[PDB]
Amino acid sequence: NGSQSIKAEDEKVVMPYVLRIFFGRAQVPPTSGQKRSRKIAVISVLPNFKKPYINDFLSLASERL
Amino acid sequence: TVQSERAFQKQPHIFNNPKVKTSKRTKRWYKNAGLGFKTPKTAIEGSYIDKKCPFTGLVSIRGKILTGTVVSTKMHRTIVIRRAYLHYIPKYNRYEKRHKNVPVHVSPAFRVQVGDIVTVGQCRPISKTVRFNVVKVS
Amino acid sequence: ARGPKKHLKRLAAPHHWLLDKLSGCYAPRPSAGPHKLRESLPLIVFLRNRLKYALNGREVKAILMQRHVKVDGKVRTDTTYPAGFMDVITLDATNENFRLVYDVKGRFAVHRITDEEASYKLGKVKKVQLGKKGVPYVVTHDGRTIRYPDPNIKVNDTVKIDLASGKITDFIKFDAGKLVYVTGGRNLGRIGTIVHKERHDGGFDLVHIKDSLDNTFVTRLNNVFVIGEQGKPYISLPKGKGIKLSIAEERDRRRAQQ
Amino acid sequence: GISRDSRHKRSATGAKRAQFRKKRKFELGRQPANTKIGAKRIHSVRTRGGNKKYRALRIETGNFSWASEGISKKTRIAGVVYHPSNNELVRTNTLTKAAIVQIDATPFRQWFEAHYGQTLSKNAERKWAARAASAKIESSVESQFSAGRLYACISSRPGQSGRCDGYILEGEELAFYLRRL
Amino acid sequence: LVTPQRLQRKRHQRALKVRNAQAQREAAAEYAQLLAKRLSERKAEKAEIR
RNA sequence: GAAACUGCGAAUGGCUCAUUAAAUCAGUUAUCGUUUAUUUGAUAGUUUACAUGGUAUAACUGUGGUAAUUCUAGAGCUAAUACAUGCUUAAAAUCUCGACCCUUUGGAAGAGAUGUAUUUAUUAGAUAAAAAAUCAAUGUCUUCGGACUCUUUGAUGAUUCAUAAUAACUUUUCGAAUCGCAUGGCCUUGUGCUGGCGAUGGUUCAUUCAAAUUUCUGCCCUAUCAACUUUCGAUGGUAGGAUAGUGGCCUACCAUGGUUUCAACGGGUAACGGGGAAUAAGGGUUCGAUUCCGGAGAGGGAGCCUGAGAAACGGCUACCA
Ligand SMILES: [Mg+2]
Ligand SMILES: [Mg+2]
Ligand SMILES: [Mg+2]
Ligand SMILES: [Mg+2]
Ligand SMILES: [Mg+2]
Ligand SMILES: [Mg+2]
Ligand SMILES: [Mg+2]
Ligand SMILES: [Mg+2]
Ligand SMILES: [Mg+2]
Ligand SMILES: [Mg+2]
Ligand SMILES: [Mg+2]
Ligand SMILES: [Mg+2]
Ligand SMILES: [Mg+2]
Ligand SMILES: [Mg+2]
Ligand SMILES: [Mg+2]
Ligand SMILES: [Mg+2]
Ligand SMILES: [Mg+2]
């Protein structure tokens, strides 16, 4: 519901890039206090996503396996 | 009425949890100043908020302890006491009455009238001229 | 002044160093270190004006850069290093160990000690407090911080520090009947036994000390240094055993030995 | 130009003091930093000693702490609603300590959904049931959650630390400030 | 330039830090034992007083 | 080993007494009200590596401007303990999220997180002394009945103190890409592994040199100076800003306060203060720019970069002469 938030019509196209970007940020070695805070943030934005979009991120995590 | 100003008055870092609701009375923090100075039960069970109160505020009593006579109480939460002493003149081998007026912060836990004897303790600078704080009344 | 001073006039120097007032215009300024400026003896004064081993400052520097002087088992090369009370000064080439202890007159005295005595020093416990990660530590009078102290050790106690390892070997509590050494006031350098400790909350505590001659004197607690139990000091004492003696008798025994 | 020296003031007796010495660096003062909502602009200030201070010229996010549940989240700042010292800061949307502000309600709402499973896996059900007794909250907070904007108070000094942390008003705090609003 | 001296310095630095950590652990353990012994004996004395 | 970069110093010292009448200064207090280069002591297994870049330049080569200066323009080069980046090292414990089995009194593979620094919110930091009954959750144990002991807490006269814990936060730090001398020990014989004495840096704490403010008392002449301060802060309260930090230091809103014949306020001073000097029998009177301590200044006002430290002046910038 943010003012600058992605519109629902455009949510389909942008979201895969957003999800994959956050995936790369999630793979940073969470090793220093700034870096650890970065990993916490990327997981904390998941509830903002709709459940179908939460699901695909989990699929991306499991694709390598 | 405690909450008589634009901002809320609260003891800093003293948190009352609405969820637990253990006691009706709001949690109140207090300390004993030392030097055998008794914390009045009014401060313990009172409802005022004063950051400069020696028993409930963020101020410590350290250094000289003086005594004086209240001379003025017309301002808010502070008074002006008078200390009288005798100064020695050697040439005439004789004394002279001299007096000095000291402004002292008084916590609302005390009720002081013009004429009573008050013992005060030094603290950090509270205002432009206030460097003392009332700690005992009589 | 717009910053810290770096010069010390001879007249403004501590009296107990006993410096000539006409030799020059400036005196050695003790650098920052374990002891305070007014309660410290710079190595230059000790090597030149006390031991007479060096004739001038340059020769003192030459000795120091040769690394022959050790303070508390550590080599020091600063001319103005502030050695102080209960400090051990070791000269290996000459084979001496000195302990800096005030005489009765109130001046640091050249007191020679044995090696086994030079292996340890004493420290008055100035502070005890928990450091980071919940590790207790004690700060002594010479700026030494020792971690993991014995819990019984408190402020005003004395700790026997082994120089090689810098750890507490034994300690003495501050109690009546203990042997004490005065490190300030006009009673500086005297030795006695505690009688009573008068306390004033929010003020300076006062201690009554009785000498071997039964004379009594009162001194502020900050100038008292516990050195052992009565008759059993943990360090070798200088000549006179910290007993103040009058002037007439001073004439007397000077004549007698003369 | 700004100095904190007390000599320039009149004496308590009202005498006009004479000018003892020229101003010293160790009673200096610096221009106020009127922090305002917007894209982050912070610039460092070299202060006395080697220490450094942060000046928040602009900031729009802050770490706010919900005290009742003992949680804290980062949240965007909506706008300043009330300030006790002076209303001109409210008008100009200047961020300072003790300023009452409005913050977004989404992250707290997500956290409460997840933690209690109520709205404002078996393991999830077990945890929710165990914590079910504490689910109830103040009605005033829940109404704001419905609205989506929560009232908060800034407990940090943006002009010093460069942060706009704060806490969510509750109980008598919230009632008093609502009355003032 | 990669030279044996740099390798030696790195290795010495690592060994120093590791040895420091081990020494601190040993000292902490000894302090813990001393505290436990004092705590036990004072508790025994309190039991005797009762 | 010239030159230059880098680091440190230049805020010390020396000089003068213009301003300054509770100001400075003397004695005596306080920082539980704050900064502190350096010395000294502690203190960091949690962070392509047989070791990263120009996101770069001086000195230097060469081409030039100006009458003139410790003036410098263009182009070409190359370094770091400069500048900017960036890993590599034990185990355990605890706390979350939890696939799945199973409906238990449940269990649980796994996936995460934890050093330090900053900011916020919350929690612990006990106690003058002794015994019981229940509601809820719920853990050890036996002789299945009920039982359940020795249970952890420092300092101060006093604190929201020291310290620790939980949840997040950061244009966010630190956690050695440095250097000298020497060539010891293990072997699976590899320029394999390991290893000595020092220098220089680095987080935090303490100490030291210091700084800042501060509590009480104490200054010459003048009453033919009697009321002063408050519109433009004077006294105090609340909140904020700023400060290294307290504080009308400043801002906004509030009240009307504050000093005074025990001389306020104003005026004079050829007034820097003191340790001291002279005189005197004692009381006193006078001197003290001048070998030491403390304060202020660099022709006069105003404003600043750097740095731990300056409102610096043998540092810079205006205005006045
Ligand atoms: Mg004290
Ligand atoms: Mg340079
Ligand atoms: Mg003059
Ligand atoms: Mg005047
Ligand atoms: Mg004064
Ligand atoms: Mg140096
Ligand atoms: Mg060090
Ligand atoms: Mg070029
Ligand atoms: Mg304030
Ligand atoms: Mg105003
Ligand atoms: Mg004079
Ligand atoms: Mg003079
Ligand atoms: Mg100057
Ligand atoms: Mg001139
Ligand atoms: Mg100037
Ligand atoms: Mg000149
Ligand atoms: Mg100069």
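Residues numbered from 1 in each chain as written, not as in the entry; some residues may be left out. Chains lettered and ligands numbered in written order. Part of a larger assembly, values for the part shown. Heavy atoms only, no water.

As recorded in the entry header, the structure was determined using cryo-EM to a resolution of 3.93 Å.

Remarks on the overall build of chain D
Counting its secondary structure elements, chain D contains six helices and nine strands. Burial analysis of chain D (181 residues in total) assigns 33% to the buried set. On chain D, roughly 11000 Å² of surface is accessible, and the fraction owed to carbon and sulfur atoms is 49%. (Helix = DSSP H or I, 4+ residues; strand = E, 2+ residues; numbered from the N terminus. Buried < 20%, exposed > 50% of the residue type's maximum accessible area, 1.4 Å probe, protein only. Areas by Shrake-Rupley, 256 points an atom, 1.4 Å probe, with all protein chains shown as cover.)

Quick word on the interface of chain B and chain D
Counting residues at the interface gives 14 residues for chain B, matched by 24 residues for chain D. Summed over the three residues of chain B that lose the most area to chain D, namely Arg6(B), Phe8(B) and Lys19(B), the buried surface amounts to 50% of that side. Counting across the chain B and chain D interface gives eight residue pairs in polar contact. Grouping the amino acids of the side of chain B that touches chain D by side-chain chemistry returns four nonpolar, five polar and five charged. (Contact = heavy atoms within 4.5 Å. Buried area = accessible area lost by both parts, 1.4 Å probe. Polar contact = N/O pair within 3.5 Å; in protein donor to acceptor, adjacent residues only side chain to side chain. Nonpolar A, V, L, I, M, F, W, Y, C, P; charged D, E, K, R; others polar.)

Quick word on the packing of aromatic side chains
With the rule as written, the count across this model stands at 17 aromatic pairs over all chains. Seen in terms of ring centroids, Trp111(D) and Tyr116(D) are 6.2 Å apart; in terms of plane orientation they differ by 80 degrees. Their pairing is edge-to-face. With respect to burial, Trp111(D) and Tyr116(D) carry one shared label: buried. The rings of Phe85(C), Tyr102(C), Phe108(C), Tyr181(C) and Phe225(C) are connected pair by pair, giving a single aromatic cluster. For the cation-ring pair, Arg99(C) lies above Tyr120(C), with the distance from its terminal atom to the ring centre recorded as 5.7 Å. Positioned over the ring face of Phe204(C) is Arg220(C), at 3.9 Å from the centre of the ring. (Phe/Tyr/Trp six-rings, centres within 6.5 Å; stacked < 30°, edge-to-face > 60°. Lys NZ or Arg CZ within 6 Å of the ring centre and 35° of its normal.)

Regarding the protein's contact with RNA strand F
Near RNA strand F, the surroundings consist of 176 residues, among which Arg2(C), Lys23(D), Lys122(D), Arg157(D) and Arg25(E) are the closest. Per the 4 Å cut-off to the protein, sugar and phosphate atoms form 71% of the nearby atoms of RNA strand F. Separating a sugar or linking oxygen of RNA strand F from a side-chain N or O atom of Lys127(C) is a distance of 2.9 Å. Within the side chain of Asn123(D), a nitrogen or oxygen atom sits 2.8 Å from a phosphate oxygen of RNA strand F. Considering each element in turn, the surface near RNA strand F owes the most residues, 20 residues, to helix α1 (residues 4-49) of chain E. Tallied by class, residues from the surface near RNA strand F come to 46 nonpolar, 59 polar and 71 charged. (Near = heavy atom within 4 Å.)

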